[PDB]
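Participant: Got a structure for you, written out below as structure tokens; questions coming shortly.
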Amino acid sequence: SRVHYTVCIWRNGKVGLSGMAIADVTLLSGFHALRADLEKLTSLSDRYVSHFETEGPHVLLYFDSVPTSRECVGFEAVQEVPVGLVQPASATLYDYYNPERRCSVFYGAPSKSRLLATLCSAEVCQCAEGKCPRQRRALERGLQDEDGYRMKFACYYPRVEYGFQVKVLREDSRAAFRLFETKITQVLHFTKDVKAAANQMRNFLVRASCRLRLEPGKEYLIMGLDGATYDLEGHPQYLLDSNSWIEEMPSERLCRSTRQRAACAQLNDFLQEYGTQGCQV
Amino acid sequence: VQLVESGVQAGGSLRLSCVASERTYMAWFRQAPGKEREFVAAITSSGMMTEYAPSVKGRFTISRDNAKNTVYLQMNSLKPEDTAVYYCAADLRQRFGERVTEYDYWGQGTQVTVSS
Amino acid sequence: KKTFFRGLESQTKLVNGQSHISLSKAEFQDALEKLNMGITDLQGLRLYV
Ligand SMILES: [Mg+2]
């Protein structure tokens, strides 16, 4: 219900305009700072902040001597209303005599990142904000539907613009996006990625802020919406966001027993029908 | 701005108290011979925030008194090999949870010994 | 040409949208002496706030 802040200010540009500064920070979307801690800071003998003003999510501080080395001064804040969405806040620091000499810095929640996640590559900078998908092990668990678990997902409620069966070779990381290098065995459905075929490599990106993982060596089935970014080689790149069907294809080792062979039959019926027919219904 | 601190077989309990003239976020540190001192826990000024070392998670607790302005630290379920000199230190700029040793006007501490 | 006093600055809140500030004679004379000047030189100069 409470969170502790920390404000560090310093200057390495003493050659330019110098003097004092006004540190204007914006608290989180619902928090408001404690007046008691700032009053204790100001009423010190060797006071570091000479003036302050707190109102809602706005805190104003006046630093009369900006040093060259780090000098952090902290306080506390309480919570009034819940944070409706994950977002980074801002903190500006103006120069007293020339307010045009400012410095604005974005900061994030105690566990999130300071900038909105975005898939950026050359000209295209497709957004990657929302939810991240789950690893639905439908085959492993016991469930049954009348061409509804996968055919309905591919042709009734969501419309999947691409679908492949791929093999995971290598795992990597790139900024905040976890990267999976996969090879396409057979193409199930495509709209824009016409050049995709067998023995072709593709990249799958998932935000590194959740638990999704693709083990190496295993074979998966990927289906979802087509992206807008391109790889370094000029080939389309796909983002594993929500409303995307990812499912490991069984290797028949844990399917030969009678119970799961019916589910495997439903699987093969699905893949064959979807590959050969163009999303009926 | 001066700090005064005052206050056993293994598996028992103890309650150290550190008193300071000024009311601030005085934290606790522990120093053992032959090795650099390491923190144990910290508390903010008002007292509604506490952090503890990973080795003592959910074991030691800190409270504060609003009348005499002192910090209390209870160590029920005392572990045999936690013997060290206990210090209470603080700074005047309210850097809550500042793990590294950047606390000014350090205290004198007390020697506490533990027997298995 | 503007010559600011490295000091004498005011930081006050606004009540009813108005704030009343003033420069005392003692502090003004101290600032003038720190600038290596006297009150006799204030002939054509103006106080810039
Ligand atoms: Mg239709």
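Letters for chains follow the order of the structure tokens (A, B, ...), residue numbers begin at 1 for each chain, and ligand numbers begin at 1 in the order shown.
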Set the cut-off to 9 Å and count only C-alpha atoms: what are the residues of chain C that reach chain A? Output as a PyMOL selection string.
Facilitator: chain C and resi 6+11-13
Participant: Taking N, CA, C and O atoms for each residue, export the selection above as a PDB file, in the first residue's frame.
Facilitator:
ATOM      1  N   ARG C   6      23.557  36.157  -6.868  1.00  0.00           N
ATOM      2  CA  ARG C   6      23.651  34.725  -6.588  1.00  0.00           C
ATOM      3  C   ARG C   6      23.151  34.505  -5.165  1.00  0.00           C
ATOM      4  O   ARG C   6      23.910  34.275  -4.222  1.00  0.00           O
ATOM      5  N   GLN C  11      11.082  31.428  -2.998  1.00  0.00           N
ATOM      6  CA  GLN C  11      10.301  30.263  -3.417  1.00  0.00           C
ATOM      7  C   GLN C  11       9.114  30.163  -2.466  1.00  0.00           C
ATOM      8  O   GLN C  11       9.242  29.618  -1.365  1.00  0.00           O
ATOM      9  N   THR C  12       7.965  30.680  -2.889  1.00  0.00           N
ATOM     10  CA  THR C  12       6.788  30.749  -2.038  1.00  0.00           C
ATOM     11  C   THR C  12       5.577  30.196  -2.773  1.00  0.00           C
ATOM     12  O   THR C  12       5.456  30.332  -3.993  1.00  0.00           O
ATOM     13  N   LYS C  13       4.681  29.574  -2.014  1.00  0.00           N
ATOM     14  CA  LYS C  13       3.435  29.080  -2.575  1.00  0.00           C
ATOM     15  C   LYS C  13       2.491  30.243  -2.865  1.00  0.00           C
ATOM     16  O   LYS C  13       2.722  31.385  -2.461  1.00  0.00           O
TER      17      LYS C  13
END
Participant: Collect all residues with atoms no farther than 9 Å from ligand 1, counting only C-alpha atoms and all ligand atoms, and output them as a count of residues only.
Facilitator: 5
Participant: Using only C-alpha atoms, find which residues of chain A lie within 8 Å of chain B and jot them down as a PyMOL selection string.
Facilitator: chain A and resi 4+6+37+41+44+48+72-75
Participant: Give the helix (DSSP H, G or I) residues of stretch 38-232 of chain A, as assigned by DSSP on the backbone, as a list in words.
Facilitator: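 Going through stretch 38-232 of chain A, the helix (DSSP H, G or I) residues come out as residues 38, 39, 40, 41, 42, 151, 152, 153, 154 and 155 of chain A.
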Participant: One decimal, Å: what's the distance from atom CA of residue B:33 over to atom CA of residue B:58, could you say?
Facilitator: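 Here the two named atoms are 25.9 Å from each other.
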Participant: Distance atom CA of residue B:35-atom CA of residue B:112, one decimal place?
Facilitator: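 Here the two named atoms are 16.6 Å from each other.
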Participant: Let me make sure I understand: among C:3, C:16, C:45, C:8, which one has the smallest atom-to-atom distance to residue C:29 if we use only C-alpha atoms?
Facilitator: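 Counting only C-alpha atoms, the residue closest to residue C:29 is C:8.
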